[PDB]
Structures are given as structure tokens and as C-alpha cells.
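Shown next, in C-alpha cells, is the structure this report addresses.
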Amino acid sequence: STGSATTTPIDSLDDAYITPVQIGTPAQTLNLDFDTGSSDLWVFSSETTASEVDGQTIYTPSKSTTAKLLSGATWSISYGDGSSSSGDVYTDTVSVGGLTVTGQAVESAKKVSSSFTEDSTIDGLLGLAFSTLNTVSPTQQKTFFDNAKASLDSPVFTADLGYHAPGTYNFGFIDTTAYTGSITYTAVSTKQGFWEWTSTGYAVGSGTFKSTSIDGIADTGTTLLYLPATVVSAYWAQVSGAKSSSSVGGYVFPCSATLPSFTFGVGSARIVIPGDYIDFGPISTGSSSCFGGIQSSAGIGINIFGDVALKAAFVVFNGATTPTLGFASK
Ligand SMILES: O[C@H]1[C@H](NCc2ccco2)[C@H]2CO[C@H](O2)[C@@H]1N1CCCCC1
Ligand SMILES: O[C@H]1[C@H](NCc2ccco2)[C@H]2CO[C@H](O2)[C@@H]1N1CCCCC1
């Protein structure tokens, strides 16, 4: 089997991407944030505290003839921004782009934090990291990909995120028309539950490539590119007037600037992020200070190749017995 679904930016800045997902019978279609940095499939639901729902589409398990309460199961998750959600669990039929999994754990939110309520465009998360991170207790549950894997033509999924445009998540096949040149594969450590790999270095603009190992995660659920402070300083030093602002929460730059590209290494290959991809716009409406798309990972404890980096590439998440990651230009 295979699946193929279009993923669409939620706003003009590509802050996140939503992908339609069919849950239950008859189908209830919710727009989920596919997140290769986490491992829970959770949704706004008929059980979510009413005051915490503001425009999201909800899953109503009582209206699905295939929903079954997973008795005694609960979940609770916190993410990097201090956002969180929690609830109970149903199993139900879940389809993505024509690929169907029966008995998928669908984590129904009873509570969500304010940042979720305030974002009407995201109806929940679909985790695509390793199932060892799944938060369901007392019986940990498998991700959609983990459940689908054995049925897939090939045990892979791919992320092809667009810059200011829709893109594609494919399951079970590699679309050889979707990238240029060859795909370079690189080793993954699953020890922290992430698609964790080691970049071979970086360049800023037309500058020379610096060979240096940068361990980090391929994370479709994080907007920006978070790298060591040394690397980030070297980038922003090439932008007149850029500075790190503790009051804003990172590097900002004059909106009048033209940003340089940023290149990262994948083995001997190179992925170039155009400068425009690094512009996240005015810090507040009408400001001439713009927020940077490359930020320091100091304090996070891990480097994160988020959407800013991934959208410059065609990315293969290879879930073979020994997982690997592939990157191609496009
Ligand atoms: O891990 C990500 C999260 N990803 C999943 C998620 C939840 C809601 C949408 O996506 C979201 C919510 O908190 C932040 O962004 C967090 N943060 C991003 C900056 C670098 C450190 C980690
Ligand atoms: O909230 C984000 C904004 N998000 C997109 C956006 C624009 C308007 C609404 O949402 C953009 C523009 O400025 C920054 O990045 C701002 N900043 C991030 C670091 C600390 C928290 C505040």
C-alpha cells in the first residue's frame, strides 16, 4: 500500500503545515500537524473543555461506528514552547492520503493549553518520531507510520514541504519526480526517539564550507532552524544590523535587509536554504524589525532541523530495520 497527501502552510509565514486526516466511520476529516519530532496522534474532540476550543474541527468518537475506548488509557504531553495537552484514548480507523490503518490510537484531548486554543487552523498532531516517545499510559501506543509500515510497499515516508506553498507527505514510496539529482542517505540514532542525524557542516551565503559535525533532529513540527550559537552568530554577522534580542526571544534583523542563503551538509552533499526562507517577518504588526529563521539551540539541549531547513529539501524518513534519513535538493 501507499498514501499521498498534500500538506498546506497554516499562514503566510509557513509557521506550520496541516495535512487532512480521515478518522472514524463515517470519516471525520481533521487537519493535523504532522510532527516528526513527537509520537502521539492527538486531536481536538467532543471531550475537549469547551472554553478551550475556538474554531478547530473536533473528533466526536460517539459518532464513529469503529471507535472503541481504549479502557484505562490516558496521555499527557508537553512540547518545547511550554504548550501541552492531555486526555484519554480511542482506537479507530485512520486514513492519510488513501492509506488506511485500523486500530490506530487516537488520543482525544480533554485539555489543551492556550497556544493550541488560539490557533484555529490546527486540529491536532500526528506524530512521526519513534513510538518509544509515545505518551500513552499504561500501555504505550504505536504511531500511524509504525502501524502502517508492514503494509507499505517500502517502509518509508517522505516530507516535501513547500516554501510559501503546499507540499506533500508520501507513505510507502519515493516519488522520483519530486527531487533533482540524487538522494544522499545518512545515519540515524534512535536513542532519544528522534530522527537524529549528524550534518557535516555549513556555509553562509557564498562563503566557504566549514566542515564540522552538527548533531540534530529532523523535525517537521518545529518552524525554525536551531543550531549552535557559534554557527548562528556566523550567519547573522553577515546581515547588517542583525542582533540577538532577549526581549524579542532571539535574532532579529532589519526588514530592509536581503538575507544570505545558508547551506548545510549531508555527507558530501549540500542543501541550500535560500535567504528568503529565513525571513519570518515583522516581530509585531508594522514593525521594521523582522524575526530570523535561524536561531540558537543553546538552552534547548539539541539542534533542530525544523521546517526552514527541511523545506529546502526532499526528505526521506527510512524506517527500515536500521533507520536512515535521505536528503535531496529539489
Ligand atoms: O517541539 C516544538 C513543538 N512541535 C510540536 C507542535 C506542537 C504544536 C505544533 O507543533 C511546537 C510547540 O512548542 C514548540 O513548537 C517546540 N519547540 C520549537 C522550537 C525549538 C524547540 C522545540
Ligand atoms: O510570535 C513570533 C511570530 N510568529 C508569526 C506571527 C506573526 C504574527 C503572528 O504570528 C514571528 C514574528 O515575530 C516572531 O516570530 C514572534 N516571536 C517568536 C520568538 C518569541 C515569541 C515571539
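Ligands are numbered from 1 in the order shown, chains are lettered A, B, ... in the order of the C-alpha cells, and residues start at 1 in each chain.
Taking only C-alpha atoms and all ligand atoms into account, the residues that come within 6 Å of ligand 1 are residues 79, 80, 81, 83, 221 and 222 of chain A.
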Take the residues from that selection and write them out as a compact mmCIF listing (two decimals), in the first residue's frame, keeping N, CA, C and O atoms.
```txt
# COMPACT_ATOMS: atom_id res chain seq x y z
N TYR A 79 5.37 20.16 25.05
CA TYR A 79 6.33 20.41 23.99
C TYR A 79 7.26 21.55 24.38
O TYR A 79 7.13 22.12 25.46
N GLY A 80 8.18 21.89 23.49
CA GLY A 80 9.22 22.87 23.78
C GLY A 80 8.76 24.28 24.15
O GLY A 80 9.43 24.95 24.95
N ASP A 81 7.66 24.74 23.57
CA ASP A 81 7.20 26.12 23.81
C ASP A 81 6.41 26.25 25.09
O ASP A 81 5.84 27.31 25.37
N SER A 83 3.76 24.56 25.60
CA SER A 83 2.40 24.13 25.29
C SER A 83 2.20 22.68 25.73
O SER A 83 3.16 21.94 25.91
N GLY A 221 7.70 19.35 12.90
CA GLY A 221 6.83 20.08 13.81
C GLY A 221 7.45 21.30 14.47
O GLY A 221 6.81 21.92 15.33
N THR A 222 8.66 21.66 14.08
CA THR A 222 9.30 22.88 14.56
C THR A 222 9.47 23.79 13.35
O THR A 222 9.90 23.36 12.28
```
message: At a cut-off of 8 Å and counting only C-alpha atoms and all ligand atoms, what residues surround ligand 2? Please answer as a PyMOL selection string.
response: chain A and resi 13+15+248-250+280-285+290-292
Those residues with N, CA and C atoms, as an mmCIF file, in the first residue's frame please?
```cif
data_model
loop_
_atom_site.group_PDB
_atom_site.id
_atom_site.type_symbol
_atom_site.label_atom_id
_atom_site.label_comp_id
_atom_site.auth_asym_id
_atom_site.auth_seq_id
_atom_site.Cartn_x
_atom_site.Cartn_y
_atom_site.Cartn_z
ATOM 1 N N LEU A 13 3.591 32.781 6.590
ATOM 2 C CA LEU A 13 4.969 32.640 7.038
ATOM 3 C C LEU A 13 5.446 31.194 7.080
ATOM 4 N N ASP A 15 4.376 29.024 9.259
ATOM 5 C CA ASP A 15 4.626 28.701 10.663
ATOM 6 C C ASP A 15 4.469 27.212 11.004
ATOM 7 N N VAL A 248 12.918 40.076 22.556
ATOM 8 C CA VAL A 248 12.116 39.511 21.486
ATOM 9 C C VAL A 248 12.170 37.977 21.535
ATOM 10 N N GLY A 249 13.296 37.424 21.972
ATOM 11 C CA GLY A 249 13.451 35.983 22.069
ATOM 12 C C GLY A 249 14.337 35.370 21.007
ATOM 13 N N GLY A 250 15.252 36.155 20.450
ATOM 14 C CA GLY A 250 16.209 35.624 19.506
ATOM 15 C C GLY A 250 16.744 36.697 18.588
ATOM 16 N N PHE A 280 11.084 35.627 8.810
ATOM 17 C CA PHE A 280 9.806 35.364 9.488
ATOM 18 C C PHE A 280 9.025 36.624 9.821
ATOM 19 N N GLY A 281 9.391 37.711 9.152
ATOM 20 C CA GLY A 281 8.544 38.880 9.109
ATOM 21 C C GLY A 281 8.607 39.735 10.358
ATOM 22 N N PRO A 282 7.848 40.833 10.351
ATOM 23 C CA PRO A 282 7.874 41.776 11.470
ATOM 24 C C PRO A 282 7.578 41.124 12.816
ATOM 25 N N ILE A 283 8.304 41.553 13.844
ATOM 26 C CA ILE A 283 8.129 40.974 15.169
ATOM 27 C C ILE A 283 6.748 41.288 15.739
ATOM 28 N N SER A 284 6.175 42.410 15.313
ATOM 29 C CA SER A 284 4.821 42.833 15.649
ATOM 30 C C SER A 284 4.335 43.601 14.443
ATOM 31 N N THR A 285 3.026 43.703 14.285
ATOM 32 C CA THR A 285 2.476 44.317 13.095
ATOM 33 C C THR A 285 3.014 45.735 12.909
ATOM 34 N N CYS A 290 12.487 42.408 11.927
ATOM 35 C CA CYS A 290 11.988 41.120 11.452
ATOM 36 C C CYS A 290 12.616 39.972 12.233
ATOM 37 N N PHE A 291 11.862 38.889 12.410
ATOM 38 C CA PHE A 291 12.362 37.756 13.176
ATOM 39 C C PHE A 291 13.126 36.771 12.300
ATOM 40 N N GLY A 292 14.295 36.346 12.763
ATOM 41 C CA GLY A 292 15.105 35.427 11.990
ATOM 42 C C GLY A 292 14.669 33.969 12.038
#
```
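Those residues of region 107-186 of chain A that DSSP, working from the backbone, places in strand (DSSP E) are residues 107, 108, 109, 110, 111, 112, 124, 125, 126, 127, 156, 157, 158, 159, 160, 167, 168, 169, 170, 171, 184, 185 and 186 of chain A.
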The selected residues should be written to file as a compact mmCIF listing (two decimals), in the first residue's frame (atoms: N, CA and C atoms).
```
# COMPACT_ATOMS: atom_id res chain seq x y z
N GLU A 107 -5.71 9.87 20.30
CA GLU A 107 -5.66 10.44 21.63
C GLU A 107 -6.56 11.67 21.67
N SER A 108 -7.65 11.55 22.40
CA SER A 108 -8.67 12.58 22.46
C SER A 108 -8.36 13.58 23.56
N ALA A 109 -8.23 14.85 23.22
CA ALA A 109 -7.88 15.86 24.21
C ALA A 109 -9.06 16.21 25.09
N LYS A 110 -8.83 16.14 26.40
CA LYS A 110 -9.74 16.73 27.36
C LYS A 110 -9.31 18.16 27.69
N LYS A 111 -8.00 18.42 27.62
CA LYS A 111 -7.43 19.72 27.93
C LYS A 111 -6.36 20.05 26.91
N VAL A 112 -6.32 21.31 26.49
CA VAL A 112 -5.23 21.82 25.66
C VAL A 112 -4.80 23.18 26.22
N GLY A 124 -5.01 19.16 15.68
CA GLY A 124 -4.28 18.17 16.45
C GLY A 124 -2.96 17.87 15.78
N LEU A 125 -2.27 16.88 16.33
CA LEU A 125 -0.93 16.47 15.92
C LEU A 125 -0.95 15.03 15.44
N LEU A 126 -0.11 14.72 14.46
CA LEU A 126 0.15 13.33 14.08
C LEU A 126 1.64 13.10 14.16
N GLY A 127 2.04 12.39 15.21
CA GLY A 127 3.45 12.16 15.48
C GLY A 127 4.07 11.12 14.57
N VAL A 156 8.89 3.48 4.36
CA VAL A 156 9.40 4.84 4.31
C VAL A 156 8.25 5.83 4.26
N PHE A 157 8.53 7.06 4.68
CA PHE A 157 7.69 8.19 4.33
C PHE A 157 8.59 9.34 3.93
N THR A 158 8.03 10.27 3.16
CA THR A 158 8.80 11.41 2.69
C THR A 158 8.08 12.70 3.00
N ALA A 159 8.87 13.73 3.30
CA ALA A 159 8.38 15.08 3.53
C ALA A 159 8.93 15.98 2.44
N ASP A 160 8.02 16.66 1.76
CA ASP A 160 8.35 17.60 0.70
C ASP A 160 7.57 18.88 0.99
N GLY A 167 2.85 21.37 -0.13
CA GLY A 167 3.79 20.32 -0.43
C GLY A 167 3.12 18.98 -0.20
N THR A 168 3.91 17.94 0.04
CA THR A 168 3.40 16.57 0.03
C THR A 168 4.06 15.71 1.10
N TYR A 169 3.24 14.90 1.77
CA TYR A 169 3.71 13.75 2.54
C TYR A 169 3.31 12.48 1.81
N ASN A 170 4.29 11.64 1.49
CA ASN A 170 4.04 10.34 0.88
C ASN A 170 4.43 9.24 1.84
N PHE A 171 3.66 8.15 1.80
CA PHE A 171 3.93 6.97 2.60
C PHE A 171 4.10 5.78 1.69
N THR A 184 20.96 11.69 -0.88
CA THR A 184 22.07 11.27 -0.03
C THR A 184 21.53 10.79 1.30
N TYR A 185 21.82 9.54 1.63
CA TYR A 185 21.38 8.97 2.89
C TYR A 185 22.45 9.10 3.96
N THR A 186 22.00 9.23 5.20
CA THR A 186 22.87 9.47 6.33
C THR A 186 22.32 8.71 7.55
```
Option closest in space to residue 138 (chain A), from A:19, A:238, A:71, A:115 [counting only C-alpha atoms]: A:71
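The gap separating CA of residue 29 (chain A) from CA of residue 78 (chain A) is 24.7 Å, in Å to one decimal.
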With a distance cut-off of 12 Å and only C-alpha atoms, select the neighbouring residues of residue 139 (chain A), excluding the residue or stretch itself and same-chain residues fewer than 6 positions from it, and output the selection as a PDB file with C-alpha atoms, in the first residue's frame.
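Now in selection-v5.pdb:
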```pdb
ATOM      1  CA  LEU A  70      -9.040   2.137  24.979  1.00  0.00           C
ATOM      2  CA  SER A  71     -10.021   1.385  28.541  1.00  0.00           C
ATOM      3  CA  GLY A  72      -7.889   2.972  31.237  1.00  0.00           C
ATOM      4  CA  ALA A  73      -5.541   4.676  28.803  1.00  0.00           C
ATOM      5  CA  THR A  74      -4.531   8.303  29.298  1.00  0.00           C
ATOM      6  CA  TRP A  75      -1.988  10.595  27.728  1.00  0.00           C
ATOM      7  CA  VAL A  89      -7.679   7.344  24.098  1.00  0.00           C
ATOM      8  CA  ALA A 105      -4.666   5.014  18.832  1.00  0.00           C
ATOM      9  CA  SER A 131       6.982   5.025  19.072  1.00  0.00           C
ATOM     10  CA  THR A 132       9.240   4.875  22.135  1.00  0.00           C
TER      11      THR A 132
END
```
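All residues of protein, DNA or RNA that reach within 7 Å of region 59-66 of chain A, judged by only C-alpha atoms and not counting those fewer than 6 positions away in the chain, are residues 24, 25, 26, 28, 43, 44, 45, 46, 92 and 93 of chain A.
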Restrict the selected residues to C-alpha atoms and save them as a PDB file, in the first residue's frame.
```pdb
ATOM      1  CA  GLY A  24     -13.565   7.118  12.046  1.00  0.00           C
ATOM      2  CA  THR A  25     -16.602   5.804  10.219  1.00  0.00           C
ATOM      3  CA  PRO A  26     -18.086   7.741   8.527  1.00  0.00           C
ATOM      4  CA  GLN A  28     -14.324  12.829  10.163  1.00  0.00           C
ATOM      5  CA  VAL A  43      -6.970  15.596  18.366  1.00  0.00           C
ATOM      6  CA  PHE A  44      -9.371  18.268  19.488  1.00  0.00           C
ATOM      7  CA  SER A  45     -12.518  16.377  20.347  1.00  0.00           C
ATOM      8  CA  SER A  46     -16.034  16.410  21.723  1.00  0.00           C
ATOM      9  CA  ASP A  92     -10.304   3.959  15.364  1.00  0.00           C
ATOM     10  CA  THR A  93      -9.674   3.793  11.635  1.00  0.00           C
TER      11      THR A  93
END
```
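Between CA of residue 288 (chain A) and CA of residue 308 (chain A) lies a distance of 21.4 Å.
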Quick one: residues within 9 Å of residue 265 (chain A), only C-alpha atoms, excluding same-chain residues fewer than 2 positions away - as a PDB file with C-alpha atoms, in the first residue's frame?
```pdb
ATOM      1  CA  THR A 198      24.774  14.440  12.055  1.00  0.00           C
ATOM      2  CA  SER A 199      25.210  17.192   9.499  1.00  0.00           C
ATOM      3  CA  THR A 200      28.718  17.502   8.082  1.00  0.00           C
ATOM      4  CA  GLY A 201      28.888  21.313   8.262  1.00  0.00           C
ATOM      5  CA  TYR A 202      27.637  24.594   6.899  1.00  0.00           C
ATOM      6  CA  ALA A 203      28.252  27.663   4.781  1.00  0.00           C
ATOM      7  CA  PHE A 209      32.050  25.478   3.661  1.00  0.00           C
ATOM      8  CA  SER A 211      33.394  21.042   7.937  1.00  0.00           C
ATOM      9  CA  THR A 263      23.955  25.703   3.339  1.00  0.00           C
ATOM     10  CA  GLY A 267      27.536  13.646   3.899  1.00  0.00           C
ATOM     11  CA  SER A 268      29.381  15.078   0.903  1.00  0.00           C
ATOM     12  CA  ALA A 269      26.145  16.638  -0.392  1.00  0.00           C
ATOM     13  CA  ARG A 270      24.865  20.155   0.273  1.00  0.00           C
ATOM     14  CA  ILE A 271      21.356  21.565   0.832  1.00  0.00           C
ATOM     15  CA  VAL A 272      20.984  25.290   0.217  1.00  0.00           C
TER      16      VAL A 272
END
```
- prompt: Counting only C-alpha atoms, what is within 12 Å of residue 8 (chain A), bar same-chain residues fewer than 2 positions away, as a count of residues only?
  reply: 29
- prompt: What residues in region 181-324 of chain A get the DSSP label alpha helix (DSSP H)? Please answer as an MDAnalysis selection string.
  reply: chainID A and resid 229:236 307:310
Would you save the residues from that selection as an mmCIF file, in the first residue's frame, using C-alpha atoms?
```
data_model
loop_
_atom_site.group_PDB
_atom_site.id
_atom_site.type_symbol
_atom_site.label_atom_id
_atom_site.label_comp_id
_atom_site.auth_asym_id
_atom_site.auth_seq_id
_atom_site.Cartn_x
_atom_site.Cartn_y
_atom_site.Cartn_z
ATOM 1 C CA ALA A 229 25.380 29.645 18.925
ATOM 2 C CA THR A 230 28.695 29.760 17.052
ATOM 3 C CA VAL A 231 27.029 28.827 13.745
ATOM 4 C CA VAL A 232 24.093 31.184 14.280
ATOM 5 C CA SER A 233 26.385 34.110 15.134
ATOM 6 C CA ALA A 234 28.404 33.471 11.978
ATOM 7 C CA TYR A 235 25.196 33.614 9.926
ATOM 8 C CA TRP A 236 23.743 36.810 11.439
ATOM 9 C CA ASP A 307 10.809 23.451 8.603
ATOM 10 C CA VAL A 308 13.184 26.227 7.491
ATOM 11 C CA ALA A 309 15.779 23.551 6.702
ATOM 12 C CA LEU A 310 13.527 20.676 5.664
#
```
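Here the question is which of A:99, A:254, A:304, A:9 gets nearest to residue 173 (chain A) using only C-alpha atoms, and that residue is A:99.
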- prompt: Neighbours of residue 135 (chain A) within 7 Å (only C-alpha atoms; same-chain residues fewer than 4 positions away dropped), as a list in words?
  reply: residues 40, 75, 76, 77 and 140 of chain A
Residues of region 50-116 of chain A that have any atom at most 9 Å from an atom of region 145-148 of chain A: could you tabulate them with the shortest-distance atom pair and the distance in Å to one decimal, using only C-alpha atoms, ordered by chain and increasing number, as a tab-separated table?
```
residue	atom	partner	partner_atom	distance
A:99	CA	A:148	CA	8.0
A:100	CA	A:148	CA	7.7
A:101	CA	A:148	CA	6.0
A:102	CA	A:147	CA	8.6
A:103	CA	A:147	CA	8.7
A:104	CA	A:147	CA	7.3
```
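Atom pair CA of residue 306 (chain A) / CA of residue 225 (chain A) has a distance of 5.1 Å (rounded to one decimal).
Distances from A:300, A:259, A:27, A:315 to residue 226 (chain A) were compared using only C-alpha atoms, and the smallest one belongs to A:300.
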